[PDB]
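Have a look at upload.txt below; it lists compact mmCIF, C-alpha atoms and all ligand atoms.
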```txt
# COMPACT_ATOMS: atom_id res chain seq x y z
CA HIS A 3 9.49 28.66 19.60
CA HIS A 4 7.13 27.88 16.74
CA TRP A 5 3.54 26.68 17.05
CA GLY A 6 2.69 23.02 17.55
CA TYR A 7 0.64 20.72 19.76
CA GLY A 8 2.61 20.63 23.06
CA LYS A 9 1.98 22.22 26.49
CA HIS A 10 4.21 25.07 25.59
CA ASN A 11 3.17 25.76 22.00
CA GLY A 12 -0.20 24.09 21.47
CA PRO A 13 -3.62 25.45 20.52
CA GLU A 14 -4.15 27.56 23.66
CA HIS A 15 -0.99 29.54 22.71
CA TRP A 16 -1.78 30.18 19.08
CA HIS A 17 -3.68 33.46 19.55
CA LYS A 18 -0.44 35.22 20.49
CA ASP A 19 0.97 34.78 17.00
CA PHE A 20 -2.37 34.50 15.15
CA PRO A 21 -4.97 36.75 16.81
CA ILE A 22 -7.67 35.40 14.47
CA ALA A 23 -7.60 32.33 16.76
CA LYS A 24 -10.30 34.12 18.85
CA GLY A 25 -12.24 35.14 15.70
CA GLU A 26 -15.87 34.86 14.73
CA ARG A 27 -15.74 31.76 12.46
CA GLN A 28 -13.07 29.46 13.93
CA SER A 29 -12.88 25.69 13.45
CA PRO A 30 -13.36 22.99 14.50
CA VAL A 31 -16.66 23.05 16.36
CA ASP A 32 -18.90 20.64 18.22
CA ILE A 33 -21.76 19.51 15.97
CA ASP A 34 -24.86 19.44 18.12
CA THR A 35 -26.96 17.08 16.02
CA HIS A 36 -30.16 18.15 17.73
CA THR A 37 -29.77 21.87 16.80
CA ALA A 38 -28.27 21.43 13.30
CA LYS A 39 -31.01 22.35 10.89
CA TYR A 40 -32.05 20.19 7.99
CA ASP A 41 -31.84 22.33 4.87
CA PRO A 42 -33.83 20.72 2.02
CA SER A 43 -32.26 23.24 -0.39
CA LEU A 44 -28.79 21.71 0.10
CA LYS A 45 -27.73 19.55 -2.81
CA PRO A 46 -26.03 16.13 -2.77
CA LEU A 47 -22.28 16.49 -2.61
CA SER A 48 -20.49 15.83 -5.92
CA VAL A 49 -17.15 14.13 -5.32
CA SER A 50 -15.39 13.60 -8.64
CA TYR A 51 -12.11 11.86 -7.83
CA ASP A 52 -11.83 9.43 -10.80
CA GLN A 53 -8.98 11.38 -12.43
CA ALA A 54 -7.02 12.21 -9.25
CA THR A 55 -3.24 12.38 -9.57
CA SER A 56 -1.49 11.86 -6.25
CA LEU A 57 2.16 12.86 -6.31
CA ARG A 58 3.93 12.72 -2.95
CA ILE A 59 3.53 12.18 0.78
CA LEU A 60 5.25 14.53 3.20
CA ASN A 61 5.89 14.57 6.95
CA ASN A 62 5.61 18.31 7.68
CA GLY A 63 6.43 18.01 11.40
CA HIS A 64 2.79 18.35 12.49
CA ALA A 65 1.03 15.68 10.42
CA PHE A 66 1.54 14.18 6.97
CA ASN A 67 0.15 15.48 3.69
CA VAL A 68 -0.71 13.46 0.58
CA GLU A 69 -0.36 15.96 -2.29
CA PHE A 70 -2.21 16.00 -5.61
CA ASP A 71 -1.60 17.64 -8.96
CA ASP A 72 -4.09 20.54 -8.92
CA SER A 73 -2.91 22.23 -12.13
CA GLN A 74 -6.07 21.06 -13.94
CA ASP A 75 -9.62 19.99 -12.96
CA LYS A 76 -8.85 16.35 -12.19
CA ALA A 77 -10.16 15.77 -8.67
CA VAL A 78 -12.96 18.21 -7.75
CA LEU A 79 -15.67 18.78 -5.19
CA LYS A 80 -18.83 20.62 -6.12
CA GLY A 81 -22.52 20.65 -5.30
CA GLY A 82 -23.51 20.27 -1.69
CA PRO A 83 -23.42 23.83 -0.25
CA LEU A 84 -20.84 25.05 -2.74
CA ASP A 85 -21.01 27.46 -5.63
CA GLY A 86 -18.56 26.54 -8.33
CA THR A 87 -15.78 24.03 -8.45
CA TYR A 88 -13.16 23.24 -5.82
CA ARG A 89 -9.97 21.37 -6.72
CA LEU A 90 -8.36 18.77 -4.42
CA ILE A 91 -4.84 19.86 -3.42
CA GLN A 92 -4.02 17.55 -0.52
CA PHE A 93 -5.37 15.45 2.30
CA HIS A 94 -4.14 14.88 5.82
CA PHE A 95 -5.31 13.55 9.17
CA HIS A 96 -5.47 14.51 12.80
CA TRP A 97 -5.30 11.77 15.44
CA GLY A 98 -4.97 10.95 19.09
CA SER A 99 -2.65 9.19 21.50
CA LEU A 100 -5.64 6.93 22.48
CA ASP A 101 -8.62 5.71 20.48
CA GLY A 102 -10.97 7.98 22.47
CA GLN A 103 -9.57 11.22 21.11
CA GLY A 104 -8.06 12.66 17.95
CA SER A 105 -10.84 14.19 15.92
CA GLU A 106 -11.14 17.98 15.60
CA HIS A 107 -14.88 18.15 15.06
CA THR A 108 -16.99 16.40 17.64
CA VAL A 109 -20.58 15.09 17.36
CA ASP A 110 -22.71 15.76 20.46
CA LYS A 111 -19.31 16.07 22.27
CA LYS A 112 -18.22 12.62 20.99
CA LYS A 113 -14.56 12.47 19.89
CA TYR A 114 -13.47 10.06 17.18
CA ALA A 115 -10.02 8.41 16.97
CA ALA A 116 -8.98 10.58 14.04
CA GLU A 117 -10.32 12.88 11.33
CA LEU A 118 -9.44 12.99 7.63
CA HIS A 119 -9.39 16.37 5.88
CA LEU A 120 -9.53 16.57 2.06
CA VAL A 121 -8.60 20.14 1.25
CA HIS A 122 -9.95 21.80 -1.91
CA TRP A 123 -9.65 25.32 -3.30
CA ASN A 124 -12.09 27.42 -5.29
CA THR A 125 -10.92 27.57 -8.92
CA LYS A 127 -12.43 31.10 -9.35
CA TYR A 128 -9.37 32.34 -7.41
CA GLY A 129 -6.78 30.78 -9.68
CA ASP A 130 -4.33 29.46 -7.03
CA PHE A 131 -4.50 28.08 -3.48
CA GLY A 132 -2.52 31.00 -2.07
CA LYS A 133 -5.13 33.44 -3.47
CA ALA A 134 -8.03 31.24 -2.38
CA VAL A 135 -7.01 31.21 1.30
CA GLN A 136 -7.41 35.01 1.38
CA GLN A 137 -11.11 34.70 0.48
CA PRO A 138 -14.17 33.92 2.65
CA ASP A 139 -15.24 31.18 0.21
CA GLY A 140 -11.74 30.14 -0.84
CA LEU A 141 -11.51 26.56 0.50
CA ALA A 142 -13.84 23.60 0.96
CA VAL A 143 -12.60 20.95 3.35
CA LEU A 144 -14.32 17.58 3.41
CA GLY A 145 -13.97 16.05 6.87
CA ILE A 146 -14.41 12.36 7.57
CA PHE A 147 -14.30 10.77 11.01
CA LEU A 148 -12.32 7.63 11.74
CA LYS A 149 -13.37 5.07 14.33
CA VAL A 150 -11.34 2.02 15.31
CA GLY A 151 -12.89 -1.29 14.18
CA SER A 152 -12.44 -3.18 10.90
CA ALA A 153 -9.45 -2.19 8.72
CA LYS A 154 -9.99 0.26 5.86
CA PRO A 155 -8.33 -1.44 2.86
CA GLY A 156 -8.07 1.80 0.90
CA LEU A 157 -6.01 3.32 3.74
CA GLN A 158 -3.35 0.60 3.80
CA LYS A 159 -1.12 2.08 1.07
CA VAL A 160 -0.83 5.21 3.22
CA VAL A 161 -0.06 3.25 6.41
CA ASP A 162 2.54 1.20 4.62
CA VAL A 163 4.58 4.20 3.41
CA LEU A 164 4.71 5.92 6.86
CA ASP A 165 7.92 4.24 7.92
CA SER A 166 9.63 5.97 4.94
CA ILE A 167 8.59 9.44 6.26
CA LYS A 168 9.03 8.94 9.98
CA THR A 169 10.55 12.35 10.75
CA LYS A 170 9.89 16.01 9.96
CA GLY A 171 10.86 17.04 6.39
CA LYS A 172 10.87 13.51 4.95
CA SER A 173 8.91 12.89 1.74
CA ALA A 174 8.26 9.93 -0.55
CA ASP A 175 6.82 9.41 -3.98
CA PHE A 176 3.11 8.64 -3.66
CA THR A 177 1.60 8.18 -7.08
CA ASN A 178 -1.53 6.37 -8.18
CA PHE A 179 -3.26 6.61 -4.83
CA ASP A 180 -7.04 6.71 -5.17
CA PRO A 181 -8.74 8.84 -2.44
CA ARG A 182 -12.13 7.27 -3.29
CA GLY A 183 -10.95 4.35 -1.10
CA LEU A 184 -11.14 6.61 1.97
CA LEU A 185 -14.85 7.58 1.59
CA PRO A 186 -17.69 6.02 3.59
CA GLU A 187 -20.79 4.68 1.88
CA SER A 188 -23.07 7.70 2.56
CA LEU A 189 -22.32 11.33 1.57
CA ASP A 190 -24.83 12.81 4.05
CA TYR A 191 -23.12 15.81 5.65
CA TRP A 192 -23.22 18.79 7.97
CA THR A 193 -21.88 22.12 6.76
CA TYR A 194 -20.91 25.45 8.31
CA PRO A 195 -18.57 28.40 7.60
CA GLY A 196 -15.24 28.17 9.43
CA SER A 197 -11.49 28.34 9.26
CA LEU A 198 -8.25 26.47 8.88
CA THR A 199 -7.81 24.50 12.09
CA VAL A 200 -4.04 25.24 12.08
CA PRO A 201 -2.13 28.55 11.96
CA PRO A 202 -2.61 30.83 10.17
CA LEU A 203 -6.23 29.99 11.16
CA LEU A 204 -7.62 31.91 8.17
CA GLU A 205 -11.41 32.20 7.97
CA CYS A 206 -11.64 30.91 4.39
CA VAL A 207 -13.22 27.43 4.76
CA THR A 208 -16.64 25.99 3.94
CA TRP A 209 -16.62 22.89 6.14
CA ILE A 210 -18.44 19.77 4.94
CA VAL A 211 -18.31 17.03 7.58
CA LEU A 212 -19.69 13.60 6.65
CA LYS A 213 -22.04 11.99 9.16
CA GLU A 214 -20.81 8.45 8.56
CA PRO A 215 -17.34 7.63 9.97
CA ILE A 216 -15.00 5.21 8.25
CA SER A 217 -13.64 2.25 10.23
CA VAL A 218 -9.90 1.72 10.42
CA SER A 219 -8.09 -0.99 12.34
CA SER A 220 -6.20 -0.65 15.60
CA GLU A 221 -3.04 -1.66 13.68
CA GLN A 222 -3.58 1.09 11.09
CA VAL A 223 -3.95 3.94 13.65
CA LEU A 224 -1.06 2.53 15.71
CA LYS A 225 1.15 3.06 12.66
CA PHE A 226 0.07 6.76 12.55
CA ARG A 227 1.17 7.03 16.19
CA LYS A 228 4.69 5.80 15.33
CA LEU A 229 5.41 8.91 13.28
CA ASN A 230 7.54 11.66 14.78
CA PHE A 231 7.11 15.41 15.11
CA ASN A 232 10.89 15.78 15.40
CA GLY A 233 13.45 15.76 12.59
CA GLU A 234 15.95 12.95 12.01
CA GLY A 235 18.72 12.98 14.59
CA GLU A 236 16.59 14.72 17.23
CA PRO A 237 15.00 13.12 20.33
CA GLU A 238 11.82 11.30 19.56
CA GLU A 239 8.52 13.12 20.02
CA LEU A 240 5.72 10.82 18.87
CA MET A 241 3.30 12.50 16.46
CA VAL A 242 0.07 12.13 18.41
CA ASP A 243 -2.64 14.50 19.59
CA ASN A 244 -2.23 16.89 16.66
CA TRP A 245 -5.83 18.14 16.91
CA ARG A 246 -7.30 21.51 17.81
CA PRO A 247 -10.25 21.39 20.31
CA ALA A 248 -13.72 22.60 19.46
CA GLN A 249 -14.02 26.39 19.25
CA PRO A 250 -17.06 28.59 20.08
CA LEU A 251 -19.80 28.40 17.43
CA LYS A 252 -20.62 32.12 17.92
CA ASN A 253 -23.01 33.51 15.38
CA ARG A 254 -23.20 30.41 13.14
CA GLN A 255 -25.74 27.75 12.15
CA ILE A 256 -24.69 24.24 11.21
CA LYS A 257 -26.88 22.90 8.38
CA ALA A 258 -27.65 19.19 7.77
CA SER A 259 -28.17 17.66 4.33
CA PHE A 260 -30.32 14.93 5.84
CA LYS A 261 -33.27 14.02 8.12
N1 LIG B 301 -7.08 21.17 9.17
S1 LIG B 301 -7.36 22.05 7.81
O1 LIG B 301 -8.09 21.15 6.89
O2 LIG B 301 -8.05 23.34 8.20
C1 LIG B 301 -5.98 22.46 6.87
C2 LIG B 301 -6.16 23.17 5.63
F1 LIG B 301 -7.42 23.44 5.27
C3 LIG B 301 -5.14 23.56 4.91
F2 LIG B 301 -5.44 24.18 3.72
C4 LIG B 301 -3.85 23.20 5.22
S2 LIG B 301 -2.59 23.75 4.10
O3 LIG B 301 -1.32 22.97 4.43
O4 LIG B 301 -3.05 23.35 2.71
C5 LIG B 301 -2.40 25.53 4.16
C6 LIG B 301 -2.12 25.97 5.61
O5 LIG B 301 -0.86 25.43 5.93
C7 LIG B 301 -3.60 22.57 6.44
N2 LIG B 301 -2.27 22.36 6.83
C8 LIG B 301 -1.77 21.45 7.88
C9 LIG B 301 -1.85 20.04 7.31
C10 LIG B 301 -1.51 19.00 8.38
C11 LIG B 301 -2.20 19.27 9.73
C12 LIG B 301 -1.17 19.72 10.81
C13 LIG B 301 -0.56 21.13 10.66
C14 LIG B 301 0.39 21.31 9.40
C15 LIG B 301 -0.32 21.97 8.19
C16 LIG B 301 -4.69 22.22 7.25
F3 LIG B 301 -4.45 21.64 8.43
ZN ZN B 302 -6.92 19.29 9.09
```
As a first step, turn the structure in this file into structure tokens.
Ligand SMILES: NS(=O)(=O)c1c(F)c(F)c(S(=O)(=O)CCO)c(NC2CCCCCCC2)c1F
Ligand SMILES: [Zn+2]
Amino acid sequence: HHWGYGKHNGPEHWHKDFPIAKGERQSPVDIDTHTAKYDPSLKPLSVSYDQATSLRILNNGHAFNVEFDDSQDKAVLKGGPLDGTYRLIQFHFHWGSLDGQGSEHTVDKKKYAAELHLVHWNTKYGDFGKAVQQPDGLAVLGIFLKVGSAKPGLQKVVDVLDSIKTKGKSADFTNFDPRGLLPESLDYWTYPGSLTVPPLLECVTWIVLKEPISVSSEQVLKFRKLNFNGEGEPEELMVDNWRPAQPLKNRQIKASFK
């Protein structure tokens, strides 16, 4: 009876195994654009992905991860609100059963069709497993997806999904360039938060880009053909693998713009 996204094991149940679910800096949150404060002391985000080494893509039974070699400074995030250098380890998405839902963060209560998370860890802590135990251990760059024109840089991901349909399947995924998933503007909101999945650790500096990327209806439909179940089990479509917005509590969301 492990955690997941269903009626019986979804986000409203998580607190029973992971009490930090009702903590003081949980994610995601609603971004109220009117009350976010412009902070002119925030710096531009530095996204240095030119040397990224993708390795593999994995269906983990909740979503899929695209994994990177993080054993050297190859793909790093710095600047913005961050001190020091954060190394890209993986990215993944959350998405809906319908185009009107799927994102974890919301913007003035607006849900997007999906949300991309590029997960990076603070190199001062040496490994990811050490970084997640620290209040400034992770930086996750979140990017909203809306349905419209196709995103050409997403298509290599969509095309490999049929090879990892079920839980525990993986496939080689080299030479993928995550720059193709970025929107044009790096304007962002930022706040202190958590992993949005168990173990819900409060170790994340969230950086959420204001500008969504557009993906096509055919692209997101392919996401919705994945399966939460393993091979040779009844089909449970992998959809609605998002956690709702959590109370902001004693936090301020800062804007890098306007
Ligand atoms: N949504 S998130 O960006 O807070 C996040 C992380 F930051 C994170 F570090 C990870 S992790 O896999 O690197 C360490 C915790 O497992 C996941 N993991 C999920 C990735 C796919 C989303 C659905 C749940 C399965 C693990 C993860 F979801
Ligand atoms: Zn995520």
Around ligand ZN 302 (chain B), out to 8 Å and counting all atoms listed in the file, which residues are there? I want them as a ChimeraX atom specification.
/A:93-96,106,117-120,198-200,245
9 Å from ligand LIG 301 (chain B) is the threshold here; counting only C-alpha atoms and all ligand atoms, which polymer residues fall inside it? Answer as an MDAnalysis selection string.
chainID A and resid 6 29:30 61:67 91:96 106 118:123 131:132 135 141:145 196:204 206:207 209 244:246
re CA of residue 85 (chain A) and CA of residue 260 (chain A): distance 19.4 Å
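The gap separating CA of residue 219 (chain A) from CA of residue 152 (chain A) is 5.1 Å, in Å to one decimal.
Note that CA of residue 50 (chain A) and CA of residue 79 (chain A) are 6.2 Å apart.
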For residue 150 (chain A), list every protein, DNA or RNA residue within 10 Å, evaluated using all atoms listed in the file, and leave out those in the same chain fewer than 5 positions away; present the list as a VMD selection string.
chain A and resid 101 to 102 114 to 116 215 to 223
Residues of region 73-118 of chain A at most 9 Å from region 226-231 of chain A: nearest atom pair and distance in Å, all atoms listed in the file, as JSON lines:
```
{"residue": "A:97", "atom": "CA", "partner": "A:226", "partner_atom": "CA", "distance": 7.9}
{"residue": "A:98", "atom": "CA", "partner": "A:227", "partner_atom": "CA", "distance": 7.8}
{"residue": "A:99", "atom": "CA", "partner": "A:227", "partner_atom": "CA", "distance": 6.9}
```
Would you mind telling me which residue in A:22, A:169, A:261, A:112 lies nearest to residue 237 (chain A) when using only C-alpha atoms?
A:169
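Nearest-residue note for residue 184 (chain A): choosing from A:36, A:159, A:107, A:17, the minimum distance belongs to A:159, counting all atoms listed in the file.
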